[PDB]
Each structure stands twice: as structure tokens, then as C-alpha cells.
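Okay, so here's the structure we're looking at.
Below, read A as the first sequence line, B as the second, and so on, with proteins coming before strands; counting in each chain starts at 1. Basis for what follows: all heavy atoms, side chains included, without hydrogens, waters or symmetry-related copies.
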Amino acid sequence: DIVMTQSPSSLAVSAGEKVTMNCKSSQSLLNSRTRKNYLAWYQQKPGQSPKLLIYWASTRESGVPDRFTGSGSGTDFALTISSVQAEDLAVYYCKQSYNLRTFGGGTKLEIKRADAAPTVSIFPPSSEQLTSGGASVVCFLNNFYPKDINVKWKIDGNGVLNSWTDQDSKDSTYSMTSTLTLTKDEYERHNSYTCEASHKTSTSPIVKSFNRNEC
Amino acid sequence: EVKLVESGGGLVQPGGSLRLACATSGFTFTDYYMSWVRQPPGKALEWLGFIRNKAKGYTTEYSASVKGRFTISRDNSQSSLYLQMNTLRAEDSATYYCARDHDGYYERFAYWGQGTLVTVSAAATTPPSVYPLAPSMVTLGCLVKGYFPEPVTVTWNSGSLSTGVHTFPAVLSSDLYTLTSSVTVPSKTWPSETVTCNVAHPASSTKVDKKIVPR
């Protein structure tokens, strides 16, 4: 029943900055026979399986940049990144292997970047979909920042599905898709279809649209 | 080279049983502990238990959370590891990993599979419907609609297209998922040369190619 707790739950920092994060054990992880702390740090990038960085609380694993440092002994342990890079985006987990195994809740590391603008693409229902009774119009909000964003669905002047990508690993950006899902027959009934994209980079939405009758 | 591959995961009905497999190669199997870890989507890693090595009698330990409900076994002739799960709950829906393990001293010998997705739900399995999304640079997309359970995988040109691709996190709705993928290429590439999204939904034994065409 060794319990692990991590703090803080999340961290946002711009490239170049230093960061620390902590990990607390309900009891000592120091082996009095190897004189080592059975405490390891793992980094898990979105889409990937956890990968080891440090073990024995201190010693780094091969290929792991030296900007990563594990430290502490006993019950309190820390991971320090001397200078965060864009690739450092990931959730960071500590793990005790002193008696059985336990992971702390993790620490999510987000990246602050130069406030960037989206890129909007509009897509009408595909032939195949209409001939299936349904019809969806899709909007692609690509490579912006931050995630603070909303989509207004104007039809001729509900049933919506949104989804944010996870932060990119080089341009530290975000993307989104609003899928206004519709019936064929009621898509057949109106003309102009627009997706107003409210961002905090402008007091006027991004303008992408099409007229059904023109397709 | 050290290999681990999880399998046997998919949809199971609540209260059901399911046994996961983990095949290994590239190292003396009986010399290592073998561990099972899970992760509900967007949640944190939870250690589940392990089975020890030959010298330790292949003994087992478990997280308090699953002691008495999950059982860990190994077939030392097939170099295979197994996780038998009973009385499955919505909460057990997770990616399950096997990972090479050993005494805490040899933490650095950790090696993980890529996991397998177990969805516990009473919903009916449903194949995906794939639609093309046609419009100096240009953005194309593919709509993947009305399928269950996760996961599906989306590639463009069979993997040859990794740059400019935004595959979005699936979204549930009335027991059906919907995800989307956008790729952004130059104008000189499309529609001169084909752009094809390749959709794989294993749990419905589905593989669907969809070419993106103008007009």
C-alpha cells in the first residue's frame, strides 16, 4: 500500500525556462542494503508508452538529455529540467519499486508559446455520406494557440462534435475540429454554411464558408 | 532485440471476463519479473501486479485495487505472460501494458509493450463509415463516423504521409465514436498525385481506403 503523490498536477512554461516537480512517498524508498532509492521517473508523451529517464532517484538512463535531473532521498523526490525544450511536452510520472510498485498521479508539462493564429478549412458533406441519409460539415482549426477557442455554426446567416488535438511536439500548437452533423434532407434545404471561429487573436471570427447551391 | 506485444484486448460486456496476452522474445524470459500496468484514456498509470522470476518461484503480487479479481500467469515455454481479468467494469476500460521487470535494483531493465485497448461496455460493435473531405497549399481530410469501440487508426498513403497530419481524438456520442484526420500538403502535389487516407478498425475486421478527389 505504498502511496505516491505528485505536485503540482500541471506545469506550463515557455521554452528555455527551468522547472521542478515533486513526488512524495508514504514511506521510505531507500534500500538499506544497496544504499539506493528505488524511485524512478518516467516520461510519457501522448501516443507513446511510458519511457524511463532516471532510476535510483539519481542516475540518468542512456540517451536521456542532461537537462533532466532526478534527486532526493527517503520520501521526498524531485525532477528538474534545467531548460525545457519543445520536445519536453509530456506527463511525468514517478514510481516506487521498493515494495511492489506504485505510480504517482503524474505531472503534466505544457508549453507556453508565441500567441499564434489558427488556420480554417471548411468541408461540405461528401457524396458517399449524403447517399447514406446523413450529412456532416467539417471545420479544421489548425496550428493555433492557446486552446481558448469557440466555433459558431451559421446556416443561412446542436449536433456538434468538437475535439482538440494534443499539443504539437515542435511548434507547440493546437488544432480543433467542429463536425456539425446533419440530416441530408435538412442540409438540402439551406444555402450558406459558415463556421465562425472566435479566438483571442481577434475580435472578429475567422471567415471560411460555402454555398450549398454552388457545389 | 527485446520485443513485447500485448493482445487479446477489445470490447467486453460489463461483468465479463477477459484474458490478455503478452508475447516476448529477445531475452531470457524466465530471468525477469513481468508486470501489468493500465491507463484509462487521458488518466494516470496504475500498476496492477506482477509475477516474479524463476529464482523467486514465479510468485505473484497484486495492487490492492485488483487483488482477488485479476490473476497473473506466465507460460515459460511460450515465453508468454497473461492477465486474467474478471467482473469487468466501465472503470476497467483502459490501455493495458505488460513491461519487463525485476528486483528494484535493476529498474533500468524495464521494457514496455505499446499496450492494447480494453473497452468495457454493453454497446454493440460497429464498423466505421469513411468519407472523403475535398476542398498554393491545400488541406484534405477524412471523416470516420459511427463506429464502436475504439480504436481506429488513420494513415495517409499507408504511412508515407506523416507531415501536416492532424488526427483528432475520437469522440463518443450515443454509444458511437467519431474522429477525423486532416492532412495539409502543397498545391503541386494534389490533385496531381493521389492522397489516400487508410482507415483500420480491427474490432470490426475493417480496412477502408478512401481516395480524395476534387469537385
Side-chain angles (χ1 to χ4, degrees), chain A residues 1 6 29 31 33-34 36-40 42 44 47-52 54-56 59 61-62 91 93 95-106 119-129 132 134 136 138 140 142-143 161-166 168 175-177 179 181 215, chain B residues 4 35 37 39 42-50 61-64 95 97 99 101-115 129-135 137-143 145-146 164 166-173 178-182 184 210 212-213 215:
Chain A
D1 74 278
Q6 291 190 215
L29 311 179
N31 184 320
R33 165 163 150 175
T34 56
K36 245 89 77 172
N37 287 274
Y38 295 171
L39 184 277
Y42 285 81
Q44 183 186 24
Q48 286 180 222
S49 66
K51 304 293 194 291
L52 177 86
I54 321 288
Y55 61 89
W56 294 344
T59 112
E61 177 81 311
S62 206
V91 176
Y93 296 97
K95 169 195 158 194
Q96 72 85 11
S97 34
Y98 175 77
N99 185 268
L100 311 186
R101 287 87 175 94
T102 312
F103 296 84
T119 288
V120 187
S121 304
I122 187 80
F123 297 90
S126 73
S127 296
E128 292 99 325
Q129 189 189 22
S132 297
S136 261
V138 183
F140 286 149
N142 285 4
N143 307 359
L161 180 160
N162 290 238
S163 207
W164 282 253
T165 353
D166 275 346
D168 183 285
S175 294
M176 215 226 69
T177 67
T179 293
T181 316
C215 299
Chain B
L4 295 73
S35 227
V37 178
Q39 188 162 46
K43 268 35 209 174
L45 298 157
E46 179 189 11
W47 183 75
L48 290 187
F50 67 41
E61 304 301 348
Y62 303 91
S63 66
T95 302
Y97 308 93
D101 206 345
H102 204 290
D103 186 272
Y105 184 83
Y106 298 108
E107 183 70 26
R108 76 260 202 173
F109 292 102
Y111 201 123
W112 292 50
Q114 299 303 322
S129 300
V130 187
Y131 308 131
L133 299 185
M137 216 169 308
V138 55
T139 311
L140 314 176
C142 266
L143 184 58
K145 221 178 179 307
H166 287 79
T167 300
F168 292 77
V171 170
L172 191 61
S173 168
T178 276
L179 70 71
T180 227
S181 182
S182 80
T184 300
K210 192 60 67 172
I212 289 77
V213 184
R215 182 57 175 91

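- For chain B, no part of A/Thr59 is nearby; none of its heavy atoms comes within less than 4.5 Å.
- Ranked by heavy-atom pairs under 4.5 Å with chain B, the first of A/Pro124, A/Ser163, A/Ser97 is A/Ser163.
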Can you list the steps and then say if B/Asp103 with A/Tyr38 is a side-chain contact (heavy atoms from CB on, under 4.5 Å)? CA-CA 9 Å; B/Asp103 186 272; A/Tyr38 295 171; 4.0 Å; yes
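- Contact of B/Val37 with chain A is made through the side chain alone, with heavy-atom distances under 4.5 Å.
- With a 4.5 Å cut-off on non-hydrogen atoms, A/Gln44 touches chain B through its side chain but not through its backbone.
- Contact of B/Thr139 with chain A is made through backbone and side chain together, with heavy-atom distances under 4.5 Å.
- Comparing B/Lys210, B/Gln39, B/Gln114 by how many heavy-atom pairs each has under 4.5 Å with chain A, the most go to B/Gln39.
- Among the candidates B/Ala99, B/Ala170, B/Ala110, B/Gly104, the residue making the largest number of heavy-atom pairs closer than 4.5 Å to chain A is B/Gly104.
- For the residue pair A/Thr179 and A/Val138, the shortest heavy atom distance occurs at OG1-CG2, 3.9 Å.
- Contact detail for B/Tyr97 and A/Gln48: the closest heavy-atom pair is OH-O, 4.4 Å.
- Residues passing the side-chain contact (heavy atoms from CB on, under 4.5 Å) test with B/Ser35, sequence neighbours excluded: B/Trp47, B/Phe50, B/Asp101.
- When every heavy atom of B/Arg215 is checked against every heavy atom of A/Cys215, the shortest pair comes out as NH1-C, 3.1 Å.
- Checked options A/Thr165, A/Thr177, A/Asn142; the residue passing with B/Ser182 is A/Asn142 (criterion: side-chain hydrogen bond (donor to acceptor under 3.5 Å, both in side chains)).
- The minimum heavy-atom distance linking B/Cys142 with B/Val130 is given by the pair SG-CG1, 4.5 Å.
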Assess the residue pair A/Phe123 and B/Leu143 against the criterion (side-chain contact (heavy atoms from CB on, under 4.5 Å)); give the C-alpha distance rounded to whole Å, side-chain angles, the decisive distance to 0.1 Å, and a yes or no. CA-CA 10 Å; A/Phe123 297 90; B/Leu143 184 58; over 6 Å; no
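- Interface residue A/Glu128: backbone and side-chain heavy atoms are both found under 4.5 Å from chain B.
- With a 4.5 angstrom heavy-atom cutoff, B/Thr167 touches chain A only via backbone atoms.
- Chain A forms the most heavy-atom pairs under 4.5 Å with one residue out of B/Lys43, B/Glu61, B/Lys145, and that residue is B/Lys145.
- Proximity to chain B is limited to the side chain of A/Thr181, based on heavy atoms less than 4.5 angstrom apart.
- Residue contact with chain A, scored on non-hydrogen atoms closer than 4.5 Å, involves the backbone and the side chain of B/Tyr131 alike.
- For a residue to count as touching a neighbouring chain, one of its non-hydrogen atoms must lie under 4.5 Å from one of that chain's; by this rule A/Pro50 touches chain B with backbone and side chain alike.
- For B/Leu140, the part sitting under 4.5 Å from any heavy atom of chain A is the backbone (N, CA, C, O) and nothing else.
- Of the listed residues (B/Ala64, B/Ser173, B/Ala134), the greatest number of heavy-atom pairs within a distance under 4.5 Å of chain A belongs to B/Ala134.
- Between A/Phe103 and A/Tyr93, the ring planes lie perpendicular to each other; the angle is over 60°, past the 30° to 60° tilted range.
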For side-chain contact (heavy atoms from CB on, under 4.5 Å), just list the numbers for A/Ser175 and B/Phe168, CA-CA rounded to whole Å, side-chain angles, deciding distance to a tenth of an Å, and then say yes or no. CA-CA 8 Å; A/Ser175 294; B/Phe168 292 77; 3.7 Å; yes
